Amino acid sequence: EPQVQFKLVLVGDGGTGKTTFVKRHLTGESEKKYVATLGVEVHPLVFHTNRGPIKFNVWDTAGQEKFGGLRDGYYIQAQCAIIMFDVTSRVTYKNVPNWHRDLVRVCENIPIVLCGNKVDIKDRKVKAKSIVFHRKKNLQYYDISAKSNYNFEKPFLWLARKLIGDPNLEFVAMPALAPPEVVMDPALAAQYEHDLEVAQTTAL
């Protein structure tokens, strides 16, 4: 059996929590591969689905996004992507369209998930009502908190369903993750989820 795997590029402004996020997956971290020419770590993240293992080879930068766009080689042959921003920093959301542009310039219409990270932080700045980019671009959106594992699996499950072409694909179990470093209040989580539902009904 040839293993099913996908190159996933993880992009977004410096400081949004991309590295923290990819590192939640323990085996992905222990089996990560360094790519010296591009200054990239590729984390092989296996998920066990009802139709067998799927591997997302996640490309994480070494911080170079702080200084400009990423090189073509970073994006090349990506089959899917996650664009991350930080819900405590509005400018990171303002830069989402730039990331999307740079991405599609090299990769075109691959499946993409937009993730708003750091929702564990009480003083949230970018709320559901303001999160709109995905609605206009065909993209799926999730709130996440890398530090608490909140919604960790969501982007990967949505991408798996899209790539495989199976809307009923399920993960059999969560991968082994680093234990939460901060607690994600279940009440706040419920509220945030509801706020997104409300926002989805708004016109434009």
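Residue positions are given as counts along the sequence shown, with the first one as 1.
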Item to complete: Taking the mean of the C-alpha B-factors per stretch from the entry, tell me the winner out of 131 to 139 and 145 to 153.
Response: 131 to 139
Practice prompt. Between 84 to 92 and 122 to 130, point out the one with the higher average CA B-factor as the PDB entry records it.
Written response: 122 to 130
Item to complete: Specify which of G69, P53, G63, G28 carries the largest Cα B factor in the deposited PDB entry.
Response: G69
Practice prompt. Check where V4 lands among this chain's C-alpha B-factors and tell me if it's the lowest, middle or highest third.
Written response: middle
Response to the item:
Binned into thirds over the chain's modelled residues, the C-alpha B-factor of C115 lands in the lowest
Item to complete: Relative to the other modelled residues of the same chain, rank the CA B-factor of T37 and answer lowest, middle or highest third.
Response: highest
